[PDB]
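Contents: one structure, followed by commentary.
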Amino acid sequence: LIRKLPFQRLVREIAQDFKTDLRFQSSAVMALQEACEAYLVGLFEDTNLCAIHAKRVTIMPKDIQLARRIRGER
Amino acid sequence: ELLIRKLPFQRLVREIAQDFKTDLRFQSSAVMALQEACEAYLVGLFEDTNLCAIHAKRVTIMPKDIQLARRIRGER
Amino acid sequence: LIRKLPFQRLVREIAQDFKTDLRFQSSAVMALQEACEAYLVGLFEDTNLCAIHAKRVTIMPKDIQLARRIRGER
Amino acid sequence: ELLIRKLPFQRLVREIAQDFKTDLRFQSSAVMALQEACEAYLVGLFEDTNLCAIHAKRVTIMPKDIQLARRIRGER
Amino acid sequence: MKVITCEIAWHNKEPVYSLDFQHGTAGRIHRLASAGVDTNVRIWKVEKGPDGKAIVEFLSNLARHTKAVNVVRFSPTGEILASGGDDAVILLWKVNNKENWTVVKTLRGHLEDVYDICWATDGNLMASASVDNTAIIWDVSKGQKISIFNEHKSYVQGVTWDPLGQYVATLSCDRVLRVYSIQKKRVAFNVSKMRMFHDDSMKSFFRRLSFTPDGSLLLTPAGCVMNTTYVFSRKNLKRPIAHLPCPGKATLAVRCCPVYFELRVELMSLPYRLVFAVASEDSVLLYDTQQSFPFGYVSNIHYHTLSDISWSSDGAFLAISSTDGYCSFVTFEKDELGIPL
Amino acid sequence: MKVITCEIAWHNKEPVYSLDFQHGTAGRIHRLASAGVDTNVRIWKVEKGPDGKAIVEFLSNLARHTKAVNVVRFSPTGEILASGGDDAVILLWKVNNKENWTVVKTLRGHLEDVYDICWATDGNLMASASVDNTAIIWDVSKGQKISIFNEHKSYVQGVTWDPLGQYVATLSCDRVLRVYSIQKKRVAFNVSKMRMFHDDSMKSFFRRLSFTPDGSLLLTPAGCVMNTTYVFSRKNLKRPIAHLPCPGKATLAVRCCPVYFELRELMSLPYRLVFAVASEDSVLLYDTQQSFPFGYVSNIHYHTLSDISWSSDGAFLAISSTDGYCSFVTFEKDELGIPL
Amino acid sequence: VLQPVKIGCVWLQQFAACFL
Amino acid sequence: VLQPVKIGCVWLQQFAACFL
Amino acid sequence: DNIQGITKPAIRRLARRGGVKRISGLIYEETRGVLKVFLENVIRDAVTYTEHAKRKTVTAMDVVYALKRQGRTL
Amino acid sequence: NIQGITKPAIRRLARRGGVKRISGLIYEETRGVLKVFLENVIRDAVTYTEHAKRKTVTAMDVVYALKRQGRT
Amino acid sequence: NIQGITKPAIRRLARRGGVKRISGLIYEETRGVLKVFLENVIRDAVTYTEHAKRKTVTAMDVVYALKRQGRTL
Amino acid sequence: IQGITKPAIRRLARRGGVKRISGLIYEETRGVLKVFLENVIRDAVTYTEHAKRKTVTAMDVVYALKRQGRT
DNA sequence: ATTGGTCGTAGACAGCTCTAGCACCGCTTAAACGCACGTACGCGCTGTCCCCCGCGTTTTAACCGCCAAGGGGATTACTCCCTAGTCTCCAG
DNA sequence: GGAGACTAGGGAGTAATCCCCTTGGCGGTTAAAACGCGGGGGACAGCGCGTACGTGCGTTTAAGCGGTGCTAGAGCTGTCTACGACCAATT
């Protein structure tokens, strides 16, 4: 549940990078919102998993890069 | 390369086959191909867990970390 | 992947059956297309699953009536 | 409205609990919730299997039916 | 008056959600319909006995609904029965089990639990309130939806149709009331701050408010100043004239008797007074137009939360339903409330 | 002539997918680049030995690609190296391991295996062909996409740029040739029937056809009559003038030497051009004037051939196969003919 | 159990309405 | 093993040209 | 009468994809019946979601939530 | 452990499940079905209890779980 | 622009993720992860919509991107 | 199933770059070995029955690689 | 304490499975056909822009307590590193 | 048959493991503001739709017969009939 329009013009600016004059319909907008929210909740959940795994309550980025390397990110 | 003996793998394959259904012949080429894919996958998850333990800042490994990796994969 | 014009006729006819003065998107129409495709093919693997348990190759309606009653959508 | 012997059910679910986490206290309400889920799902499953067996034309029921239904279910 | 409690389970001990009397009745015997978790709509025959106590007689069972039913409504003429619930299907039953009923039109378009239904005076236009954050206007003769009101941001638990046929009053779980003019089909008024009503913590699935039978005033239960019931007017819908204090449990139901009583602080000034019933979670308060304080109060008659109340055609019966699976009635003698016009 | 087969694995015993010589070379030593499954692009140094046999010298390794690489292309000036593959990223390498290379522009926009790349004569325009059923036109200086040709309905395994800069010749796996006019940016011609080309049963991942260096004629491999190579002309692209029969396996590659040779006839001009055609397990060497092939080499590779390449002077003819081994064809001084 | 307390018709003061 | 057969410069008849 | 738009060879080759070899002709009519009833089912929820966005035009996102309700997301 | 359910109980529950003729090995696959079913439910109950920081498993927890897999 | 991933918005999304305690540097490494994976997914999405000869991306492209990234939902 | 010898596990571990290994490693390694063995053989026989064949073939494991995405 | 719940035995036969029997309607072309598909293109029109104003809930900064990540050290525990039979995989 | 390997087994010792600050960065608090939500034309320029086009490979009928559904008779077996013993269970 990110705030709508800040996210939408994040998407707009990062879409303009490939080539300008790109129009996106609201349908695909909420679709990509669904995609981003699903990914972030999944990654956050797995970070909590590996964090209590790390036997520290507070979150650490090292957990994040760990998850990336296991999830095939880099 | 190969570091797992052919006969134990073949006999467990025949065990599960006769558990499922008899008269299922296994060819040597298919058996060795499946075995090498087996070793590749298992070693892949193995160093996956190795890196997990490296983050776990404890050089010795304990399998609950491996089970974290499992639910990362979502296999079970 | 099945066919296009008769299914568009189907969806338009059922739409006017619901209510007139409505419009469909082409992309949405084809999306409905693969959606119905997937649902029917899944039902049909269920059909095969029953018939194999029915230890007969050829299929009679009671297979698909099981499919539906067993999952109970109707 | 229950037929499974309630305290054997309680001991079963308790023994399952301490197989994973030790010293889990259960009250009557939790036990009856587990029950109601139990008989509900099993009666649905047997309804399924009986009608499938009727499709099978065979009066007797054997677990090829229940395996059939579960391979429908997607649980495996 | 006398109060008689139904100690026999109407729907096999399942909670009752709604009650409605046949508005088409014109004599002493009245027809009452009930809705429960058992996916059945039971119409009963309610009539006074020799001693004046209410007597309940079972007439028909309506099991077409696949899931539970939360609201049941009769037409102002009594011809068509409206019934919708968990399966989110609105059925227009008709007299074709001592008797039988058949669904005329399937007014589908809702998604989940439908909580409040109101019949328009003409009987040809429908207001439906459901959890789905919307109110849909339907055509009874056409059997098709014609208008949509999606301004609700929470569970819609109460709606009523203006008897004058000008506005539409809605109550939702968001402590926000929305008024829709029947001509423009847009929001005419909106009140949220005086909070103004009770939040989601209130334990009743219904927020049923109803207009005054003449439409001059609107009675909105489940208010907060403590629990209260605010009153609005057609002159100004953005400010309450007064509120009825009901400390303790929150009011959830407002029903007005369709019989105009003569005059025997005054909420509204016309030569006639109207007696209405307000049902809280465990208490029922009976007011009239002219008196600020209630002239009747019944409590400690049901073991769980009350769900719905209904007035009879002549006002001699006041059915009360609760969530414990049991219902109750309030019986008034000949013109006990007052002398009808 | 002499044929020398490289018996040392170039990419650690993995199949070789492409080969290309440095078009910027102008002397005796030529620079060759290779593509393999090892996600690495190896540029080699190829030069004749004292006896005339080909000698291969390793120069650089290009491991930036995350996945397999299918096609490697040099610019006509030889400055910029084009490389794309399974990761579907078109890298414009530049000379910055004996030597080093650096990617200039990232011409991304493709999805999976990119099979055929053709440089325009000016070198500022790219034609990109991949499994993704599309052909994308790019600007080298801009590094951005400018035109799209996605009318293909199957694996786009062959494309070449018109040397005259008028049309675009594309070969897809659907046995259909598509000609795209360069000014209209639409389809110019469509030929599918005399089927004419080979179906999916042909085992080569490539359908690389190339125009004649003058652009007058177009040579398309992987045809049917039986396996053959049809010849088209600018005058009429809807009917082949003739076909070169190749019984056995289907032809997969067409490459023409960039050196014009004197006449010692498919097309009637005072010069003749020698081109190389690679089948699955055989190579036939033709010339412009003689219908029959003047050279034929076979039984030198244990698996299917993948790519061939002529040298800048025509003295080297590299051959790549899918067995991890490559081979070269060496001609003596002007053995093919007298250069113009 | 519950203890029923019923108040008859008295022509209570805890619920006297307060105006605004 | 493979038996290489190589044909030198002959200025093969199995691959003679065929026209239409 | 577009219901008959789903033909004998089309259903036969869907069957081929399904995992059957022999199927009787008496299954085509029940196939169109199951197709029509469940397109009814899915499009009901689809049009509800469409009305939710104050839309007079259906969108491809609607069928997604429709299958989520039906438990067959894709 | 899993033997908390008795074979006669299995038989009577099957009998009111509408079946008349039954084989033996059903008494053992039914236990596997039951454990496979209940593991997910109890896992979700543990998750919800940790979310609410209630050590004891409540009725409403199980009810909302059954709502999650859809057999309320 | 890029800082549009609001800090307390990150906080509440972590809340829904069951996160206990949150540090500052997360509030922009989340921006990094978001930007890179959206770059990837809208990349193959615009490719998929280019296959359709369509100048606007669709939810179909998004869902196929999720299949290719193994997070189908 | 016992055939996966524990010293083989340990030498494959030594190849994997680990240094000190807990003893209880072996049983769960074998278990998740056989779960994927089961998945692959299930997909193999799924393709094989459509092929109307009874013998395992390398094409089956290649399609298993394609399906699971490990290619 | 007793008390209903359970368990395990003995065989009659009801019925699942196997074999034998039978017919009949899916493959399998050959020929008629038709709508499926592809583009234009004029016509409809739907999504829209985007600004500001309205206006208002959340964002951001900083404080202050204080919970916890990590260091230190004592504590146990577990593969060395052979030692040795073995045993069986594989070659002859 | 015979030679690498593994399985059974001590040593301690390095590697986890839990305790003890410990402080510093982090969890709620506050004020407002600042973008967040929204809606309204504007019709301009983007968008699909229907139909025409044609024409060609998918669609339709049918022979036709035989691989596959349908019926008879086993026929041999594992319940569920009654029961006699244990036997966990509520209080």
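Chain lettering (A, B, ...) mirrors the order of the structure tokens, residue numbering begins at 1 for each chain separately, and ligand numbering begins at 1 in order of display.
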
Fitted copy of chain A on chain C, all Cα, as a compact mmCIF listing (two decimals) with N, CA and C atoms, in the first residue's frame:
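Contents of superposed-v7.txt, as written:
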```
# COMPACT_ATOMS: atom_id res chain seq x y z
N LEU A 1 -6.95 -22.49 -27.64
CA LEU A 1 -6.86 -21.87 -28.95
C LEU A 1 -8.18 -21.98 -29.70
N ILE A 2 -9.23 -21.38 -29.14
CA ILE A 2 -10.49 -21.26 -29.86
C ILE A 2 -10.34 -20.20 -30.94
N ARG A 3 -11.14 -20.32 -32.00
CA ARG A 3 -11.10 -19.33 -33.06
C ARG A 3 -11.59 -17.98 -32.53
N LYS A 4 -10.90 -16.92 -32.94
CA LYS A 4 -10.99 -15.63 -32.27
C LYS A 4 -12.38 -15.01 -32.31
N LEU A 5 -12.87 -14.66 -33.49
CA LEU A 5 -14.09 -13.86 -33.57
C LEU A 5 -15.36 -14.62 -33.18
N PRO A 6 -15.52 -15.92 -33.47
CA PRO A 6 -16.70 -16.61 -32.92
C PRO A 6 -16.74 -16.54 -31.40
N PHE A 7 -15.60 -16.75 -30.75
CA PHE A 7 -15.55 -16.61 -29.30
C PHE A 7 -15.84 -15.18 -28.87
N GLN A 8 -15.31 -14.20 -29.60
CA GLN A 8 -15.49 -12.82 -29.17
C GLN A 8 -16.96 -12.41 -29.24
N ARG A 9 -17.70 -12.87 -30.26
CA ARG A 9 -19.10 -12.47 -30.26
C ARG A 9 -19.97 -13.39 -29.42
N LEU A 10 -19.51 -14.60 -29.09
CA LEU A 10 -20.09 -15.30 -27.94
C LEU A 10 -20.06 -14.40 -26.71
N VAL A 11 -18.87 -13.87 -26.41
CA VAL A 11 -18.71 -13.03 -25.23
C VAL A 11 -19.56 -11.77 -25.35
N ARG A 12 -19.63 -11.20 -26.56
CA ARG A 12 -20.42 -9.99 -26.76
C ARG A 12 -21.90 -10.24 -26.51
N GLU A 13 -22.46 -11.31 -27.10
CA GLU A 13 -23.87 -11.59 -26.89
C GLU A 13 -24.17 -11.87 -25.43
N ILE A 14 -23.33 -12.68 -24.78
CA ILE A 14 -23.60 -13.01 -23.38
C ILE A 14 -23.31 -11.83 -22.46
N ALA A 15 -22.61 -10.81 -22.94
CA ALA A 15 -22.45 -9.60 -22.15
C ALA A 15 -23.65 -8.68 -22.32
N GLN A 16 -24.24 -8.67 -23.52
CA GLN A 16 -25.41 -7.82 -23.76
C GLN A 16 -26.59 -8.22 -22.88
N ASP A 17 -26.58 -9.44 -22.32
CA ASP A 17 -27.72 -9.89 -21.54
C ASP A 17 -27.94 -9.01 -20.31
N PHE A 18 -26.86 -8.63 -19.63
CA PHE A 18 -27.00 -7.84 -18.41
C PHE A 18 -27.57 -6.46 -18.71
N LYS A 19 -26.98 -5.76 -19.67
CA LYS A 19 -27.53 -4.50 -20.16
C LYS A 19 -26.78 -4.12 -21.43
N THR A 20 -27.51 -3.54 -22.39
CA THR A 20 -26.97 -3.27 -23.71
C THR A 20 -25.98 -2.11 -23.66
N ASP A 21 -25.39 -1.82 -24.82
CA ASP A 21 -24.40 -0.75 -24.99
C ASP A 21 -23.21 -0.95 -24.06
N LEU A 22 -22.55 -2.10 -24.23
CA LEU A 22 -21.35 -2.44 -23.49
C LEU A 22 -20.18 -2.54 -24.46
N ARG A 23 -19.12 -1.78 -24.19
CA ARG A 23 -17.92 -1.79 -25.01
C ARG A 23 -16.80 -2.50 -24.26
N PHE A 24 -16.13 -3.42 -24.95
CA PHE A 24 -15.05 -4.21 -24.37
C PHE A 24 -13.79 -3.97 -25.19
N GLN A 25 -12.71 -3.60 -24.52
CA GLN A 25 -11.44 -3.37 -25.19
C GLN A 25 -10.74 -4.70 -25.47
N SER A 26 -9.99 -4.74 -26.58
CA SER A 26 -9.32 -5.97 -26.99
C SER A 26 -8.43 -6.53 -25.89
N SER A 27 -7.82 -5.66 -25.08
CA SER A 27 -6.99 -6.13 -23.97
C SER A 27 -7.78 -7.07 -23.07
N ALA A 28 -8.90 -6.60 -22.54
CA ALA A 28 -9.75 -7.46 -21.73
C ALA A 28 -10.29 -8.63 -22.53
N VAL A 29 -10.41 -8.48 -23.85
CA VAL A 29 -10.90 -9.58 -24.68
C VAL A 29 -9.92 -10.75 -24.65
N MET A 30 -8.64 -10.47 -24.92
CA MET A 30 -7.65 -11.54 -24.83
C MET A 30 -7.45 -11.98 -23.39
N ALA A 31 -7.70 -11.10 -22.42
CA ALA A 31 -7.64 -11.50 -21.02
C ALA A 31 -8.68 -12.58 -20.71
N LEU A 32 -9.93 -12.34 -21.09
CA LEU A 32 -10.97 -13.32 -20.87
C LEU A 32 -10.79 -14.55 -21.75
N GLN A 33 -10.17 -14.39 -22.92
CA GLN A 33 -9.77 -15.55 -23.70
C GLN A 33 -8.77 -16.41 -22.93
N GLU A 34 -7.78 -15.77 -22.32
CA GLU A 34 -6.83 -16.48 -21.47
C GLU A 34 -7.54 -17.21 -20.35
N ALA A 35 -8.51 -16.54 -19.72
CA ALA A 35 -9.23 -17.14 -18.61
C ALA A 35 -10.00 -18.38 -19.06
N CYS A 36 -10.75 -18.25 -20.16
CA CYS A 36 -11.54 -19.38 -20.65
C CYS A 36 -10.64 -20.54 -21.06
N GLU A 37 -9.55 -20.25 -21.77
CA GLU A 37 -8.68 -21.32 -22.22
C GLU A 37 -8.02 -22.03 -21.04
N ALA A 38 -7.59 -21.26 -20.03
CA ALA A 38 -7.01 -21.87 -18.84
C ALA A 38 -8.01 -22.78 -18.15
N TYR A 39 -9.24 -22.29 -17.96
CA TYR A 39 -10.24 -23.14 -17.31
C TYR A 39 -10.48 -24.40 -18.12
N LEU A 40 -10.68 -24.25 -19.43
CA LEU A 40 -11.05 -25.42 -20.22
C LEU A 40 -9.93 -26.44 -20.25
N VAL A 41 -8.67 -26.00 -20.35
CA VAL A 41 -7.59 -26.97 -20.36
C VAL A 41 -7.50 -27.67 -19.01
N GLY A 42 -7.69 -26.93 -17.91
CA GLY A 42 -7.65 -27.58 -16.61
C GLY A 42 -8.76 -28.59 -16.43
N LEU A 43 -9.98 -28.21 -16.79
CA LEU A 43 -11.10 -29.13 -16.63
C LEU A 43 -10.94 -30.34 -17.54
N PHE A 44 -10.49 -30.12 -18.78
CA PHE A 44 -10.28 -31.23 -19.71
C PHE A 44 -9.22 -32.18 -19.18
N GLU A 45 -8.14 -31.64 -18.62
CA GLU A 45 -7.10 -32.48 -18.03
C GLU A 45 -7.66 -33.31 -16.89
N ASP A 46 -8.46 -32.69 -16.02
CA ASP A 46 -9.00 -33.44 -14.89
C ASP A 46 -10.03 -34.46 -15.36
N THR A 47 -10.75 -34.16 -16.44
CA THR A 47 -11.66 -35.14 -17.03
C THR A 47 -10.90 -36.34 -17.57
N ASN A 48 -9.78 -36.10 -18.25
CA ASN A 48 -8.94 -37.21 -18.68
C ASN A 48 -8.46 -38.03 -17.48
N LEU A 49 -8.08 -37.34 -16.40
CA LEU A 49 -7.65 -38.02 -15.19
C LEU A 49 -8.74 -38.94 -14.66
N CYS A 50 -9.92 -38.39 -14.40
CA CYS A 50 -11.02 -39.19 -13.88
C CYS A 50 -11.55 -40.18 -14.91
N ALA A 51 -11.22 -40.00 -16.19
CA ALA A 51 -11.66 -40.94 -17.22
C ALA A 51 -10.81 -42.19 -17.22
N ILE A 52 -9.49 -42.03 -17.29
CA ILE A 52 -8.62 -43.20 -17.11
C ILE A 52 -8.84 -43.78 -15.72
N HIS A 53 -9.19 -42.94 -14.75
CA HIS A 53 -9.69 -43.41 -13.47
C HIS A 53 -10.91 -44.30 -13.63
N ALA A 54 -11.87 -43.88 -14.45
CA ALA A 54 -13.06 -44.67 -14.70
C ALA A 54 -12.76 -45.93 -15.51
N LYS A 55 -11.49 -46.15 -15.87
CA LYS A 55 -11.06 -47.35 -16.56
C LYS A 55 -11.78 -47.52 -17.90
N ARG A 56 -12.18 -46.40 -18.50
CA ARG A 56 -12.64 -46.36 -19.87
C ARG A 56 -11.85 -45.31 -20.62
N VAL A 57 -11.42 -45.64 -21.84
CA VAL A 57 -10.62 -44.71 -22.62
C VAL A 57 -11.47 -43.55 -23.12
N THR A 58 -12.71 -43.82 -23.54
CA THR A 58 -13.58 -42.80 -24.10
C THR A 58 -14.12 -41.91 -22.98
N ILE A 59 -14.41 -40.66 -23.33
CA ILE A 59 -14.82 -39.67 -22.34
C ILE A 59 -16.33 -39.75 -22.13
N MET A 60 -16.76 -39.50 -20.90
CA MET A 60 -18.16 -39.54 -20.51
C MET A 60 -18.52 -38.29 -19.72
N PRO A 61 -19.70 -37.70 -19.96
CA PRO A 61 -20.10 -36.52 -19.19
C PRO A 61 -20.15 -36.76 -17.69
N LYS A 62 -20.49 -37.97 -17.25
CA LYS A 62 -20.58 -38.27 -15.83
C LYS A 62 -19.29 -37.87 -15.13
N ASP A 63 -18.16 -38.09 -15.80
CA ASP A 63 -16.89 -37.55 -15.33
C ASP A 63 -16.98 -36.05 -15.13
N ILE A 64 -17.61 -35.35 -16.08
CA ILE A 64 -17.72 -33.90 -15.99
C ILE A 64 -18.50 -33.48 -14.76
N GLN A 65 -19.73 -33.98 -14.61
CA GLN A 65 -20.53 -33.60 -13.44
C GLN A 65 -19.84 -34.01 -12.14
N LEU A 66 -19.13 -35.14 -12.15
CA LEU A 66 -18.31 -35.50 -11.00
C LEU A 66 -17.37 -34.35 -10.66
N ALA A 67 -16.53 -33.97 -11.63
CA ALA A 67 -15.56 -32.90 -11.42
C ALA A 67 -16.22 -31.64 -10.88
N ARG A 68 -17.37 -31.27 -11.45
CA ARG A 68 -18.13 -30.14 -10.92
C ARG A 68 -18.43 -30.29 -9.44
N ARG A 69 -19.00 -31.42 -9.05
CA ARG A 69 -19.40 -31.58 -7.66
C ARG A 69 -18.18 -31.53 -6.73
N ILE A 70 -17.07 -32.15 -7.14
CA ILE A 70 -15.85 -32.00 -6.36
C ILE A 70 -15.29 -30.58 -6.48
N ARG A 71 -15.30 -30.00 -7.68
CA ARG A 71 -14.73 -28.65 -7.71
C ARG A 71 -15.66 -27.59 -7.14
N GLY A 72 -16.75 -27.99 -6.48
CA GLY A 72 -17.65 -27.05 -5.85
C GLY A 72 -18.61 -26.35 -6.78
N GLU A 73 -18.78 -26.87 -8.00
CA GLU A 73 -19.61 -26.19 -8.99
C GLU A 73 -21.09 -26.20 -8.62
N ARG A 74 -21.63 -27.34 -8.21
CA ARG A 74 -23.02 -27.37 -7.76
C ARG A 74 -23.12 -28.13 -6.44
```

Write out as number ranges by chain every residue belonging to chain M that has an atom at most 12 Å from any atom of chain A, counting only C-alpha atoms (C1' of nucleotides).
-> M: 47-49, 58, 67-70

Would you mind exporting C-alpha atoms (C1' of nucleotides) of the selected residues as a PDB file, in the first residue's frame?
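Contents of selection.pdb, as written:
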```pdb
ATOM      1  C1'  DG M  47      -9.228   7.533 -21.373  1.00  0.00           C
ATOM      2  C1'  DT M  48      -7.234  12.126 -20.745  1.00  0.00           C
ATOM      3  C1'  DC M  49      -4.854  15.956 -19.764  1.00  0.00           C
ATOM      4  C1'  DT M  58       0.935  12.446   6.501  1.00  0.00           C
ATOM      5  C1'  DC M  67      16.955  -2.225  23.547  1.00  0.00           C
ATOM      6  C1'  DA M  68      19.877  -4.457  21.444  1.00  0.00           C
ATOM      7  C1'  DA M  69      24.570  -5.818  18.126  1.00  0.00           C
ATOM      8  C1'  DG M  70      28.354  -6.809  19.329  1.00  0.00           C
TER       9       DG M  70
END
```

Give me, as JSON lines, each residue of chain N that comes within 12 Å of chain L, together with its shortest interatomic pair and the distance in Å at one decimal, counting only C-alpha atoms (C1' of nucleotides), with rows ordered by chain and rising residue number.
```
{"residue": "N:5", "atom": "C1'", "partner": "L:7", "partner_atom": "CA", "distance": 9.2}
{"residue": "N:6", "atom": "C1'", "partner": "L:7", "partner_atom": "CA", "distance": 7.3}
{"residue": "N:7", "atom": "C1'", "partner": "L:7", "partner_atom": "CA", "distance": 9.3}
{"residue": "N:14", "atom": "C1'", "partner": "L:20", "partner_atom": "CA", "distance": 10.0}
{"residue": "N:15", "atom": "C1'", "partner": "L:20", "partner_atom": "CA", "distance": 8.3}
{"residue": "N:16", "atom": "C1'", "partner": "L:20", "partner_atom": "CA", "distance": 10.7}
```

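Any residue of chain N with an atom within 12 Å of chain J counts; using only C-alpha atoms (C1' of nucleotides), that gives residues 77, 78, 79, 80 and 88 of chain N.
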
Output C-alpha atoms (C1' of nucleotides) for every residue in the selection just made, as a compact mmCIF listing (two decimals), in the first residue's frame.
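So the final result, stored in part-v6.txt, reads:
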```
# COMPACT_ATOMS: atom_id res chain seq x y z
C1' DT N 77 -11.20 -62.91 -1.62
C1' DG N 78 -11.63 -59.45 2.67
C1' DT N 79 -15.35 -57.68 5.08
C1' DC N 80 -19.02 -57.58 8.65
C1' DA N 88 -8.92 -46.48 27.88
```

Could you please select, counting only C-alpha atoms (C1' of nucleotides), the residues of chain I within 9 Å of chain N and state them as a list in words?
-> residues 7, 8, 9, 10 and 22 of chain I

Suppose we keep N, CA, C and O atoms; can you now write the selection as a JSON list (two decimals), in the first residue's frame?
```
[["chain", "number", "residue", "atom", "x", "y", "z"],
["I", 7, "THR", "N", -16.25, -25.71, -32.11],
["I", 7, "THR", "CA", -16.52, -26.71, -33.14],
["I", 7, "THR", "C", -15.96, -28.08, -32.77],
["I", 7, "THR", "O", -15.25, -28.26, -31.78],
["I", 8, "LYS", "N", -16.31, -29.06, -33.60],
["I", 8, "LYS", "CA", -15.83, -30.43, -33.42],
["I", 8, "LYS", "C", -14.32, -30.56, -33.48],
["I", 8, "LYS", "O", -13.72, -31.07, -32.52],
["I", 9, "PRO", "N", -13.63, -30.12, -34.55],
["I", 9, "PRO", "CA", -12.17, -30.34, -34.59],
["I", 9, "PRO", "C", -11.42, -29.50, -33.58],
["I", 9, "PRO", "O", -10.38, -29.94, -33.08],
["I", 10, "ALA", "N", -11.92, -28.30, -33.27],
["I", 10, "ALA", "CA", -11.28, -27.48, -32.26],
["I", 10, "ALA", "C", -11.29, -28.18, -30.90],
["I", 10, "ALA", "O", -10.25, -28.30, -30.25],
["I", 22, "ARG", "N", -9.16, -40.80, -27.62],
["I", 22, "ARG", "CA", -10.49, -41.06, -28.15],
["I", 22, "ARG", "C", -11.54, -40.38, -27.27],
["I", 22, "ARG", "O", -11.61, -40.64, -26.07]]
```

Distance-based interface of chain I with chain M, 9 Å, counting only C-alpha atoms (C1' of nucleotides), as a ChimeraX atom specification = /I:22-25,57

Those residues with N, CA and C atoms, as a CSV table (one decimal), in the first residue's frame please?
```
chain,number,residue,atom,x,y,z
I,22,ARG,N,-9.2,-40.8,-27.6
I,22,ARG,CA,-10.5,-41.1,-28.1
I,22,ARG,C,-11.5,-40.4,-27.3
I,23,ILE,N,-12.4,-39.5,-27.9
I,23,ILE,CA,-13.5,-38.9,-27.2
I,23,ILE,C,-14.7,-38.9,-28.2
I,24,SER,N,-15.9,-39.2,-27.6
I,24,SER,CA,-17.1,-39.3,-28.4
I,24,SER,C,-17.6,-37.9,-28.8
I,25,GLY,N,-18.4,-37.9,-29.9
I,25,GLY,CA,-19.1,-36.7,-30.3
I,25,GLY,C,-20.1,-36.1,-29.3
I,57,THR,N,-16.4,0.2,-19.3
I,57,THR,CA,-15.6,-0.7,-20.1
I,57,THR,C,-14.9,-1.7,-19.2
```

Excluding residue 6 of chain H and any residue of its chain fewer than 2 positions from it, enumerate the residues within 8 Å of it, using only C-alpha atoms (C1' of nucleotides), and give them as a PyMOL selection string.
-> (chain F and resi 297-298) or (chain H and resi 4+8)

Neighbour list for residue 63 of chain F as a list in words, cut-off 8 Å, only C-alpha atoms (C1' of nucleotides), skip fewer than 6 positions in-chain = residues 39, 40 and 41 of chain F

Per residue of chain D within 7 Å of chain C, what are the shortest atom pair and its distance in Å to one decimal, counting only C-alpha atoms, with rows by chain and residue number, as a tab-separated table?
```
residue	atom	partner	partner_atom	distance
D:48	CA	C:70	CA	5.9
D:56	CA	C:54	CA	5.7
D:72	CA	C:46	CA	6.8
```
